[PDB]
Each structure stands twice: as structure tokens, then as C-alpha cells.
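K.L.:
One structure, as C-alpha cells, below. Some questions next.
2 protein chains.
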Amino acid sequence: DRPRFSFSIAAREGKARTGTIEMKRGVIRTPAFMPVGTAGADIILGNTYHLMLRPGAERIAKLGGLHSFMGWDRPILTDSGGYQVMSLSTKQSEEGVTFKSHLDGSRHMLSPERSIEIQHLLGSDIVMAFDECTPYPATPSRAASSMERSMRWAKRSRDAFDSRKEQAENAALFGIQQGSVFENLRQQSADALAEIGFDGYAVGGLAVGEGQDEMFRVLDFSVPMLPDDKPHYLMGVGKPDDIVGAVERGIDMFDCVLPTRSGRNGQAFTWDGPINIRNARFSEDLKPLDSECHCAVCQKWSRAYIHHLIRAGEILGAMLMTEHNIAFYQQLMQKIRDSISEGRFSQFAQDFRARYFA
Amino acid sequence: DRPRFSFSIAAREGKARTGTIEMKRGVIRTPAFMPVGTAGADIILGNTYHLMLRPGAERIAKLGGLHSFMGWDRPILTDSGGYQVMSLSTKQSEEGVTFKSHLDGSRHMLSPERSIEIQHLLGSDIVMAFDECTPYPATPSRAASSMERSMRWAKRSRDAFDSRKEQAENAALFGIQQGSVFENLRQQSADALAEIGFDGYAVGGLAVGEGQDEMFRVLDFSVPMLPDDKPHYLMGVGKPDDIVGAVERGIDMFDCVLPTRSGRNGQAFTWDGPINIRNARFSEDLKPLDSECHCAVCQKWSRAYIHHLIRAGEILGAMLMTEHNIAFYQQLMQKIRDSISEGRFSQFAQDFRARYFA
Ligand SMILES: [Zn+2]
Ligand SMILES: [Zn+2]
């Protein structure tokens, strides 16, 4: 019987690590890419914000929880809902966030306690603390005030999680570091989260428009501040090259809507970079989407045929693109894990970039 | 090695028949439903009209033909393109049809000879004669003039097909009966087609807004006019109940865009009739789309989850609906074939209607 939560590091190269997270519902190989569930993967993401508006968290619980609902019996991660509320809905206070639903007009409050309860009703295995994703750019004073509130909210998240026996005994709770791009605030945030104690630690407040150079600069000093012996989750990242560089800086877990978003808009990821399959240059191209990809799409169909389907507005085309993209991301993570395990990740990263950007 | 074309009838009940068409690329079990290829099935449909505008028939041939292009090595049926040109594009003459492409503005002529050549370039296994689908309603004089032109065009289609060695030796040619709703014209058309000689015979000019009662009335006298020992193809039909009644009247082959169209617009076919899965009554319904369906969707997911996906605009939802609908149609045809073979099709049709319309 697997434990509630156990992270083991099997191999290291520089700051990069590869290992496993064992949970009751399955093993997660790291570094891990965690795709959206409604799009192989060891863990998927549920969409807390959407689910709390349609059908409602109580309704999901009545239907048996998200695992039963989605037909997925392996681990599920849910975000805490505030990023999305603050992105797509609002009134903020020390208690939480108030907002109105575009779907039906109803009012909703979200607080650390309510966020944890919603994630409990959904039945997720990895629960995110309820935080404030500081806007970018932020002044030192605004970044500090926001980070300090998020740390108070992290303690409230911890207490709410621990009060629910079924959750505390079967799920895991991750804290989220904030502090914008400022080293001293990232340090204060890390210290506060470690004093509370979490099962894993996310780097929040990035992939919010700062650009890769700045993101990598912040990762350079921020990830070493987190406990080495716990997983590190970079929220919202990212492009294949962002993932490779973030792994080089000690990140273990990733989520991003790009594979699914790109697959709906004609973009395929390949080892030679992204391509827009609708472009006329693919109309007679008999090669598969990627010449090395092991996925079922590249086993059977050409760029020319997928180009044809998408240009025709056929749903099959978008589904084949999405399947390919999700598969590409999992192949990227497998190559990352194997190369770290084999002590050749530095060479892999160099080879990856030379070809991806050629 | 299979023959170019051989139709055998294994069992009969009333006017209904069940059997097989053997072609070089595979066996087709009849009665057969023939789904759109870009949506198990023994034969799929290519979209001649679309393919001749994008990428062009010559380009498909350069890419290896439709079998290679689509990744489908079993039989393919193509329509002759005139119905669509006359539906979606025009100037008509004894030579053919002239029309302009909305895609690029270019001009196109379609004639019996060009239609046959396009279908040759596409590489289809069952080729339709180039006909005029008479509009509905039609006067006796207009229906006769149109039918007479279609019969002259049927002879020109036969001659063009026979002139192409690779086509005459490896593909099959179907003639299309016209004559609107008029018994004497349907008889003249049947006689003309039988004198020319075809591998199979389609009933054209129906499913054009006449309604099921009138369609069945025309089938009642029209299908017996065709050679009994050759397949009978009802073009454009149809709803599950249209198919059952048409089989009762001697039809062997069907095509219809409803399974795919419905699956894109929230409608699922079930043994208890069609349902609109977006309706709120399905939001907490844990049953599969259909309680008896053997398809992979109904094996794994609920109405509530598919409702959720479609309401969320997720591509996965439309794909699961379409998979279910195509599978439902093939299960319907399997039950039709088995019941005719077992001498209980009359009972099946009665039981089907009592439940489908309950
Ligand atoms: Zn692939
Ligand atoms: Zn089904």
C-alpha cells in the first residue's frame, strides 16, 4: 500500500533532479508534466474555478468526486481558484475574494477555508494553498504586502486542510511562494512556508508576462530557498524550452495550457520547434508531424492530411493535433528523466536547444 | 484474391436482404452504413466536391490517392460531385455544370467524363455516375427532362469509366435512378440503367425534403424496378428509423451526415431515441449515453461528464459524442444484419420502433 505522500530523488545532475512521488492513487515520475484533465501522464489537473461554477463543487461531490466524474482513478491536482477568479471574473479583503459569476450572475466568496473545502469536495489528491498571484510588474511595497497576505493565507490553508480528516489522511497540500521578482521577498516567503510545513512547494507569481530571461533569473535564486527534499512545482510553465531551463534550475513539476491551446489553433510542437500546420507549405508534406514522435498520430497520418482536416474545420484535425502535442510533452519529460538518470542531461539540454531553435 | 466486385445475398426476409459485397480492398457487409471518412465500418465516403477544391484531385493523386492520404486501406465510395455543386456552389448544359469556387474564385466545369476522371484520381473503389439530383417538388415534365439527361449522362459515365483500364479492372461503377416521385419515370430510369449495365444501383433524388411517408411510398415501387441481384444504395438516408424502413423495402447501403453533424451539435442517438446532451436534465445523469451501447464512450463515461465537456466547449466532448453516434449506427446495422439472417427482422423493426419512439 502506497503512502499518502513520499518524494524520493533517484538521481541528480547539477540542480536538476529525477525521482518519484508516491501517493495512494499512483506514482508520479518527476520531472512531471501535468496536463489538463479534459484534454502517458501520471497526474492531471482539474479546473477548480470552472468546476465551482459548473456544476458546482457540491454537485461534483454528489456525483462521486472528480475521479469518478472524469473516469480517472490516478492522482489529480487542483489549483486554489484565486488566480483564475482574479483573471477571469471582484473585491479583495483579508478574508478572501468576492466575485460575480458571468455564467449565472450569482455571487461567490473564495477564502482559504472555502478553497480548501471546494478542493476537498472535488476529491483532488494534491491541493494548492489559496494565494494571491501578484500582478507583474509590482513595486517592492506592493509585492511585499501581497506576499505577506499570501503567507497568512497559507497558514489558514494549512489549518483548514488539517481539520478535514479524509483530506489530511489521503491528500497532500502544497504551499506557494510569492514575492514577485525580489530576492529578499522570495526568501521571506520560503521561510514562512517552511515554518508552516507543506508536502511540496510551488514557485508562484511567474509566467505572468515577465519573459524567459527574467523568469530564469528569479528561479536561479528562488528554487534553492525551498526545502531540497520536497517537490518543486513551477506554476503555469510552459514552452518546451522553458521546461528544460526550469528543470536545469531544480523544478520537478509543470502545468501549462499550451499543448491543448496550440492544438486547437493549428500549432504542433516538434523537436525542430513549433509549426503552424495550416500553412500552405504543409499541404503536400507526407512526413508525420514529427519524424521521431512515437505517438499514434505520427505512426499513421501525414502533415498533409492533418493540414487538410484543420483547414476543412473537421474536429478530427484538432483532436489529432492535441493528441500529438500532449504526447510530445510526455516524450520530452521522459527524455529529461532518462537523461538526468543517466548523467547526460546537460548534453541533452544543449542538443535540445540547438535543434529546437535551428 | 477477392474479385473486383461480387455481391452475394445470404438471407432474405420479405423485401429485406443481408449479404456481402467482395472487392479487392475488402468485404462490405450489407445492409451497410457508410460513414464520412473524416469523422466498425467496412467502407467510408470521400467528399469529392471538397477534395476537388482543396487540395485538388490531381494533388490527391500526387500524394498517392485517397487511401494513402487518409490512412484507410479498405474500400472508399465517392459521389460524383454534381449534387454538391448544385447545392453549395452555376450554369447547366447538356455538357455538364459550370461553377465558381468560393474558396479561391477559380472556374470549374464538371461533366460525366471529368467526374469519372476526378474519382479515378482520388482512387475510390465505388464510383458514382454523374447525375442531376432533381429538385423537390418537381413537375412531371421537369422531372422527366431531368431524368432523361441523367440517363444520357449515365451512359457517358459508363463509357468514361470503361476507358480507364486501372479503373475498369479495380473499381466498380453505380448508376443512379432518378424520376422524382413518379412511378412511370422511375421505371423508365431503371430500364435505362439496366440496359447500360452497372455494378450497383442507387435510388437518387430522395431525402430532399419530401418526408418519410412520401420517401417510403416512392421506395415501395422504385426498389423492385432495380435488378434484384445487385446492391441497392439509398443516397442521403438517414435517421435510424428511415434506415430500418428502407431496409424493409430492399435497400442495402446508406450514407448520411447526421451521426457526425449531430455529434457536433449536442445530439446523441440512443435506442430510446435521440437526446440533446446539453439539456440540464443530463447534468447529474450517471448513466452512459446509451445503457446497451458497447462503444468505448459508454464503457467509460457518463452523460453528466459528456454534458459538462460540451457545455464547456471542450473538443473532447464533441469527439466522444461523434464516436458514440458512429458506433450506434454500426450497432444498428449489425442488429439489422443479424435479425435478417435469423429470420426475425420483422420483429426487430417493430421492437425498434416501439422503443425508439416511446
Ligand atoms: Zn506525434
Ligand atoms: Zn456508446
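Protein chains in written order, with the entry's author numbering: chain A, 10 to 48, 63 to 112, 115 to 383; chain A', 10 to 48, 63 to 112, 115 to 383. A prime marks a further copy of an entry chain.
Where is the CB? At the ideal position from N, CA and C, for every residue including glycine.
What does residue 438 of chain A' pair with, by DSSP beta-bridge criteria?
P.N.:
Any question about residue 438 of chain A' goes unanswered here, given that chain A' covers just 10 to 383.
K.L.:
Count Cβ pairs between the segment 160-175 of chain A' and the segment 203-215 of chain A' that sit closer than 8 Å; are there 3 or more?
P.N.:
Contact holds: three or more Cβ-Cβ distances are below 8 Å.
K.L.:
So, with DSSP's three-state summary, where would you put A/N301?
P.N.:
In the structure shown, A/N301 sits in a strand (DSSP, three-state: E or B).
K.L.:
Look up A'/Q212 in the DSSP assignment and give the residues it is bridged to.
P.N.:
According to DSSP, A'/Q212 bridges with nothing at all.
K.L.:
Taking only runs of the alpha helix (DSSP H) that begin and end inside the segment 158-243 of chain A, which ones reach a length of at least 4 residues, in chain order?
P.N.:
As far as the segment 158-243 of chain A is concerned, its whole alpha helix (DSSP H) runs of at least 4 residues are 165-188, 190-195 and 208-221.
K.L.:
Could you tell me whether the Cβ of A'/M260 comes closer than 8 Å to any Cβ of chain A?
P.N.:
Closer than 8 Å: no.
K.L.:
Going by DSSP, what residues sit across from A/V152 in a beta bridge?
P.N.:
DSSP lists A/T101 and A/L198 as partners of A/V152.
K.L.:
Give me the Cα-Cα distance between A/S182 and A/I143, rounded to the nearest whole angstrom.
P.N.:
Whole-angstrom Cα-Cα distance: 12 Å.
K.L.:
What do you get for A'/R139, buried or exposed, if any count of 16 or more other CB atoms within 10 angstroms of its CB means buried?
P.N.:
By the 10 Å Cβ count, A'/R139 comes out buried.
K.L.:
Return the chain-ordered ranges of every alpha helix (DSSP H) run that is complete within the segment 290-362 of chain A' and spans a minimum of 4 residues.
P.N.:
With a minimum length of 4 residues, the continuous alpha helix (DSSP H) runs that stay inside the segment 290-362 of chain A' are 321-325 and 328-336.
K.L.:
Is it the case that the segment 195-212 of chain A' contacts the segment 119-134 of chain A', given that we only count it when at least three CB pairs across the two stretches are under 8 Å?
P.N.:
These segments do not touch.
K.L.:
Can you pull the chain A' neighbours of A/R77, defined as C-beta to C-beta under 8 Å?
P.N.:
Residues of chain A' passing the Cβ test: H333, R336 and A337.
K.L.:
Just by C-beta distance, which residues in the segment 284-305 of chain A' are closer than 9 Å to chain A?
P.N.:
Taking 9 Å as the Cβ-Cβ cut-off against chain A, the residues of the segment 284-305 of chain A' that qualify are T285, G288 and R289.
K.L.:
Beta carbon of A'/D315: closer than 7 Å to some heavy atom of ligand 2?
P.N.:
A'/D315: yes, Cβ under 7 Å from ligand 2.
K.L.:
For A/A48, which of helix, strand or coil comes out of DSSP?
P.N.:
Residue state, collapsed to three classes: coil.
K.L.:
Taking only beta-carbon atoms, is A/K312 less than 8 Å away from chain A'?
P.N.:
A/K312 does not count as touching chain A'.
K.L.:
Alpha carbon to alpha carbon, how far is A'/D238 from A'/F16?
P.N.:
The alpha-carbon atoms of A'/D238 and A'/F16 are separated by roughly 30 Å.
K.L.:
Report yes or no: do the segment 261-275 of chain A and the segment 22-41 of chain A share at least 3 C-beta pairs separated by less than 8 Å?
P.N.:
As far as the Cβ criterion goes, the segment 261-275 of chain A touches the segment 22-41 of chain A, which means the pair count is three or higher.
K.L.:
Beta-carbon of A'/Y161 versus every beta-carbon of chain A: anything under 8 Å?
P.N.:
Taking Cβ atoms only, chain A never reaches closer than 8 Å to A'/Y161, which makes this a no.
K.L.:
Residues of chain A with CB under 9 Å from A'/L341, in chain order?
P.N.:
Within chain A, the residues near A'/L341 are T47, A48, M344 and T347.
K.L.:
Looking at A'/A379 and ligand 2, is the gap between the Cβ and the nearest heavy atom below 7 Å?
P.N.:
No; taking the cut-off as 7 Å, the Cβ of A'/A379 has no heavy atom of ligand 2 nearer than that.
K.L.:
Distance, Cα to Cα, A'/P313 vs A'/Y330?
P.N.:
Computed Cα separation, rounded: 9 Å.
K.L.:
Taking the beta strand (DSSP E) that A/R11 falls in, what are its first and last residues?
P.N.:
No beta strand (DSSP E) holds A/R11; DSSP gives it neither H nor E.
K.L.:
Quick one: give me the first and last residue of the beta strand (DSSP E) that A/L259 is part of.
P.N.:
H257 to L259 is the span of the beta strand (DSSP E), which, as asked, contains A/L259.
K.L.:
Check for me: the beta strand (DSSP E) holding A'/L68 runs from which residue to which?
P.N.:
Note, A'/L68: beta strand (DSSP E), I67 to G69.
K.L.:
Quick check: does the Cβ of A/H349 come within less than 7 Å of any heavy atom belonging to ligand 1?
P.N.:
Checking every heavy atom of ligand 1 against the Cβ of A/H349, one is found closer than 7 Å.
K.L.:
Quick one: what's got a C-beta closer than 7 Å to residue 54 of chain A''s C-beta in the same chain, skipping five residues either side?
P.N.:
Between 48 and 63, chain A' has no modelled residues, and residue 54 of chain A' is one of the positions in that gap.
K.L.:
Under the three-state reduction of DSSP, which class applies to A'/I276: helix, strand or coil?
P.N.:
A'/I276 falls in the coil class under three-state DSSP.
K.L.:
Using CA atoms only, rank isn't needed, just tell me which of A/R378, A/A374, A/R369 and A/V282 is closest to A/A20.
P.N.:
Per the Cα distances, A/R369.
K.L.:
Per the DSSP calculation, A'/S247 is bridged to which residue(s)?
P.N.:
DSSP lists no partner for A'/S247.
K.L.:
For ligand 4, is there a heavy atom less than 7 Å away from the beta-carbon of A/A352?
P.N.:
This structure simply doesn't include ligand 4; it includes ligand 1 and ligand 2 instead.
K.L.:
Would a check of beta-carbon distances place A'/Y72 closer than 8 Å to chain A?
P.N.:
No, no contact with chain A.
K.L.:
Could you check whether A/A41 and A/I351 sit closer than 8 Å to each other, using their CB atoms as the reference points?
P.N.:
Contact flag unset, no.
K.L.:
Put A/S112 into one of helix, strand or coil per three-state DSSP.
P.N.:
A/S112: coil per DSSP, three-state reduction.
K.L.:
Leaving out five residues before and five after A/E317 in sequence, what residues of the same chain have Cβ atoms less than 7 Å from its Cβ?
P.N.:
Within the same chain, A/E317 has close Cβ partners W296.
K.L.:
Quick one: what's got a C-beta closer than 6 Å to A/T123's C-beta in the same chain, skipping five residues either side?
P.N.:
These residues qualify, in order along the chain: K116 and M134.
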